[PDB]
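Right, one structure below, let's go through it.
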Protein chains: 4
Amino acid sequence: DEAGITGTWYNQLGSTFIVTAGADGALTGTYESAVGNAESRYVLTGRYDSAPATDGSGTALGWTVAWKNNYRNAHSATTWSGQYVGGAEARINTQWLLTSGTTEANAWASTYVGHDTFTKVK
Amino acid sequence: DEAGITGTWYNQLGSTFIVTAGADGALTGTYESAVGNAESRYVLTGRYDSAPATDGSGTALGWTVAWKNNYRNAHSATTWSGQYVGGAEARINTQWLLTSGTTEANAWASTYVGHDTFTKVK
Amino acid sequence: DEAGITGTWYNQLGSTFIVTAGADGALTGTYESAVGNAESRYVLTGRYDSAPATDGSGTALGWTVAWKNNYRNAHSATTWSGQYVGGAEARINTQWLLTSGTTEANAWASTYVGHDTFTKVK
Amino acid sequence: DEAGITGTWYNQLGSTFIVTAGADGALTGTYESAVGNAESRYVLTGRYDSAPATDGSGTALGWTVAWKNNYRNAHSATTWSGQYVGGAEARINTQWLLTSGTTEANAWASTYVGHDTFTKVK
């Protein structure tokens, strides 16, 4: 599903995920968040299962954004973990972890969890 | 903290995380899990905050492994989200999400969550 | 929102959440899962914010089910953490953690994470 | 493990978890957080597996605190999901989800995730 994953994806917040899937399992591209301490595009990298099951299962993948670019630095990183489901209404269904750099005193409150659904439309 | 992050790290399960931190914010290397459906080394990639706060906060980072190599394919991916804390007893404190490719019927049970602490010794 | 929370709720899997909100912050009732190692109703208990903000924010709440009843014992517990949002299309938006009892060797894989949205219809 | 669970527990932050396990699977008691927007004791309720496996597995359990008492209201709730492991150095190993009431605009950032280990000493 190199073909299926490569392209522009949009989540429910109106963020934009631009990815290229490599034959080797690499994910490379850019992320633009519609929310939070973010402006314009950020580098992303990650990995995907390049030889998924042929039993109708989804394709496991994940990626990371560190929220530093030429405009802003939010001293934080998000990782999305999820699966690509192909077909007419293709989706990437994810859960994510957003960690901030903190002092040791605040480290118990370092990490947000959430979930994003990406589609090829909107 | 390019210097501080680059190297070999070990978690509480005895897994081995071999990483290089690029000046640009890139993380590249290999992961070897002591547990689960895993043998030998797997590619990893990720990102880190290459200009962290100077107030004693940690350095945000994350990375992904897709559990496919030349030996095995577990049809799954893990993402670690966390922060690097420098000093005498350097640590990377993480939380992780492990997603399997599933059928739509089993997708509610696709994702494990856990936490790993990495040190430079053991 | 004692009135708003008390009643029958349904999630996206077709599970049924029957709850009573007490004036004191208590949640009591029963849960019936449409999926997994579950049959019929299980006891639940939890808590909610009985004096929420008046700025349009949601109402924080959570509850637990241990997956033991007179029919089955799945040696596991789920906790839902989320917020109640009132109005014409009332919702409870949650994230959950499902922990199994495990051996120490398997404890790294003890816990699933997911998300459920509850509505008063369907 | 009604006997094993009932009592006073302490986590790595120095919080105090005072619980009674009922023969029926109930957990009732009080929680006092050493960190965050919290003072003194808060009600908790939850559930546990009252007939755990006899193969050395842990005992699944969970509980909720809504962060309202007579002193403060943090408009938030935490759920802990975990397992009790008996013996010389008894532990409750948990992961938790802390949800705040938010506006719909901030709901993506409503929930923290973390992990607490409780012991009978300290």
Side-chain angles (χ1 to χ4, degrees), chain A residues 37-38 42-46 62-70 72-79 96-113, chain B residues 1-34 44-65 78-97 114-122, chain D residues 11-14 34-36 112-117:
Chain A
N37 186 7
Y42 295 85
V43 173
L44 73 89
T45 185
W63 69 95
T64 303
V65 168
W67 297 107
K68 174 181 175 292
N69 66 9
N70 284 338
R72 293 190 190 192
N73 190 348
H75 298 308
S76 51
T78 303
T79 63
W96 56 255
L97 295 169
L98 176 173
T99 307
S100 293
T102 71
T103 69
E104 295 187 29
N106 293 333
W108 69 270
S110 69
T111 310
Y112 298 102
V113 61
Chain B
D1 325 283
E2 179 167 10
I5 294 167
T6 292
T8 300
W9 294 85
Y10 309 92
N11 71 15
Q12 75 287 345
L13 301 172
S15 302
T16 308
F17 167 50
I18 288 172
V19 69
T20 301
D24 57 351
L27 303 174
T28 64
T30 64
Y31 202 97
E32 182 174 359
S33 182
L44 73 89
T45 188
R47 302 291 296 164
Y48 80 101
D49 181 1
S50 59
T54 63
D55 60 0
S57 295
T59 302
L61 83 176
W63 69 97
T64 306
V65 169
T78 303
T79 62
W80 290 256
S81 185
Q83 58 182 318
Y84 161 84
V85 177
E89 290 228 311
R91 272 169 167 51
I92 301 171
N93 295 316
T94 74
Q95 293 187 84
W96 56 255
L97 296 168
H115 48 97
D116 288 351
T117 301
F118 295 87
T119 63
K120 296 293 289 167
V121 339
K122 196 289 318 298
Chain D
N11 74 11
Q12 75 288 344
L13 299 172
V35 303
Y112 298 100
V113 59
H115 49 96
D116 288 352
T117 300

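Proteins get letters first, then strands, A, B, ... in listed order; numbering begins at 1 in each.
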Nearest heavy-atom neighbours spanning D/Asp116 and D/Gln12: OD1-NE2, 2.9 Å
Distance-minimising heavy-atom pair for B/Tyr84 and B/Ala90: CE1-CB, 4.4 Å
Nearest heavy atoms of D/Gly36 and A/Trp108, plus distance in Å: CA-CZ2, 3.7 Å
B/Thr119 side chain near B/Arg91 side chain, heavy-atom distance below 4.5 Å: yes
Sub-4.5 Å side-chain heavy-atom contact between B/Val65 and B/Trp96: no
Greater than 12 external heavy atoms within 6.0 Å of B/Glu2's CD: yes
Point-to-point distance, once rounded to the nearest 0.5 Å, from OG of A/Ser110 to CG of A/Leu97: 9.5 Å
Stepwise side chain to side chain contact (heavy atoms under 4.5 Å, CB included) test for B/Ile92 and B/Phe17: CA-CA 11 Å; B/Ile92 301 171; B/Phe17 167 50; 3.9 Å; yes
Parallel, tilted or perpendicular: rings of B/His115 and D/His115 (30°, 60°): parallel
B/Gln95 vs B/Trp80 side-chain heavy atoms within contact, under 4.5 Å: no
B/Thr117 side-chain N/O to B/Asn93 backbone N/O, donor-acceptor pair under 3.5 Å: no
Pairwise side-chain contact, A/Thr111 with D/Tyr112, heavy-atom cut-off 4.5 Å (strictly under): no
B/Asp55, CG atom: more than 12 neighbouring heavy atoms under 6.0 Å: yes
Donor-acceptor pair, side chain of A/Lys68 and main chain of A/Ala74, under 3.5 angstrom: no
4.5 Å side-chain heavy-atom contact, A/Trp67 and A/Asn37: no
Side chains of A/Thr64 and B/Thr79 in contact at under 4.5 Å (non-hydrogen atoms): no
Short side-chain to backbone donor-acceptor contact, B/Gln83 and A/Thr102, under 3.5 Å: yes
Nearest heavy atoms of B/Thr45 and A/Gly46, plus distance in Å: CG2-O, 3.2 Å
Rounded distance (nearest 0.5 Å) linking atom CG of B/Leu44 with atom OG1 of B/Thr28: 7.5 Å
Check: B/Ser57 and A/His75 side chains under 4.5 Å, non-hydrogen atoms: no
Minimal non-hydrogen separation, A/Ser76 against A/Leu98, with atom names: CB-CD2, 4.0 Å
Between B/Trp63 and B/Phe118, ring centroids under 6.0 Å: yes
A/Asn73 side chain vs B/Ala51 backbone, donor-acceptor pair below 3.5 Å: yes
CG-OG1 distance between B/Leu61 and B/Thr59, expressed to the nearest 0.5 angstrom: 8.0 Å
Closest heavy-atom pair and its distance - B/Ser15, B/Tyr31: CB-OH, 3.6 Å
